[PDB]
Ligand SMILES: *C\C=C(C)/C=C/C=C(C)/C=C/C1=C(C)CCCC1(C)C
Ligand code: NA
């Protein structure tokens with residue numbers, strides 16, 4: 001199926017690769033639940049006109065609590081321990097570890113994380129509906145092609161790469177539209193909130209770039225590399241989780257901070 005299974009069918013997992021990964025995937029959904037409550041309880045702090053931003057952060061949290069919990073469980077129950085070999089192996093009776101919970105969680109989240117900036121910041125010469133439609137089309141295709149190429153990670157790898165770049169194309173378009181949005185958004189706000197908008201843009205830049213980094217993480221050292229192992233698996237799943245907290249939780253926090261800062265009139 002995927003590289004995670006491959007490693008759990010051929011070489012198996014050491015007990016520390018398996019516990020680490022399970023522990024990191026549990027942290028991912030725990031944060032989402034703490035985030036959900038933070039966004040709900042803080043909506044009283046921001047003027048009515050920016051509250052749609054909190055509402056959207058809260059629904060992204062419900063989406064990511066549930067599906068990152070599904071994902072966590074699909075990792076634990078897909079592997080059983082072999083006491084004779086001392087490593088964890090793909091359980092033929094279990095479900096087989098799957099990526100479809102994460103990619104679905106991206107597909108749902110992506111219109112919402114992009115739409116929500118447009119409820120805090122104002123455009124100048126760009127058209128709102130123009131920006132919205134560009135966000136929703138390319139963020140869907142970025143993820144849908146990302147999911148397709150994900151099927152060919154273990155099998156045909158040039159399909160894994162031709163697709164991963166197709167999805168890069170949509171990715172870079174979003175970065176372009178986000179960049180115009182943040183610029184027009186800086187016009188006619190205080191220097192304080194401009195600073196936050198600049199933060200939001202650096203965060204939006206790093207946190208989203210981690211995602212294709214974790215896509216290639218095992219092949220990043222070549223087809224016979226130090227990461228071609230239960231190591232680039234650990235690191236792939238450590239990087240997704242970092243990119244999940246940053247792009248969903250931290251991002252929504254800086255937006256709520258920006259909103260509050262724009263209620264200094
Ligand atoms: C959790 C919410 C969001 C919006 C997640 C976004 C993820 C990405 C931007 C991932 C992009 C990919 C790229 C650029 C190429 C390989 C396939 C990925 C889906 C990992
Ligand atoms: Na996720």
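None of the figures in this text is laboratory data; all of them are computed from the coordinates on show. Backbone-built Cβ (ideal geometry, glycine too); neighbour counts: all protein chains shown.
Taking label points 7 Å from Cα along the Cα-to-Cβ direction, residue 49 and residue 66 give a separation of 3.4 nm.
The length gained on full extension between residue 130 and residue 77, counted as 0.36 nm times the residue separation minus their Cα-Cα distance, comes to 14.6 nm.
Here the gap between residue 246 and residue 122, fully extended at 0.36 nm per residue and compared with their Cα-Cα distance, gives a gain of 42.3 nm.
The distance separating the Cα centre of region 190-265 from that of region 145-177 comes to 18 Å. Helix 100-115 and the longest principal axis of the C-alpha atoms of the chain enclose an angle of approximately 10°. Each 5 Å bin from zero up to the one holding the largest Cα-Cα distance in the chain carries the following percent of pairs: 1, 6, 12, 16, 17, 15, 11, 8, 6, 4, 2, 1, 0, 0. The largest-to-smallest principal axis extents of the Cα set in region 22-176 are 65, 40, 18 Å.
Put simply, when 189-199, 58-68, 82-92, 135-145 are sorted by average Cβ atoms within 10 angstrom per residue, most first, you get 58-68, 135-145, 189-199, 82-92. If you plug the beta carbon distance of residue 9 and residue 33 into 1/(1 + (r/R0)^6) with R0 = 25 Å, you get a FRET efficiency near 0.15.
Across the chain, the relative contact order, built from alpha-carbon pairs under 8 Å that are at least six residues apart, equals 25 percent.
Once both labels are positioned 7 Å from their Cα atoms along Cα-to-Cβ, the gap between residue 158 and residue 108 label points is 3.8 nm.
As a calculated quantity, the FRET efficiency between residue 253 and residue 151 at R0 = 30 Å, using C-beta atoms, amounts to about 0.30. Compared with the direct C-alpha span, the chain from residue 59 to residue 229 gains 57.6 nm at full extension, assuming 0.36 nm per residue.
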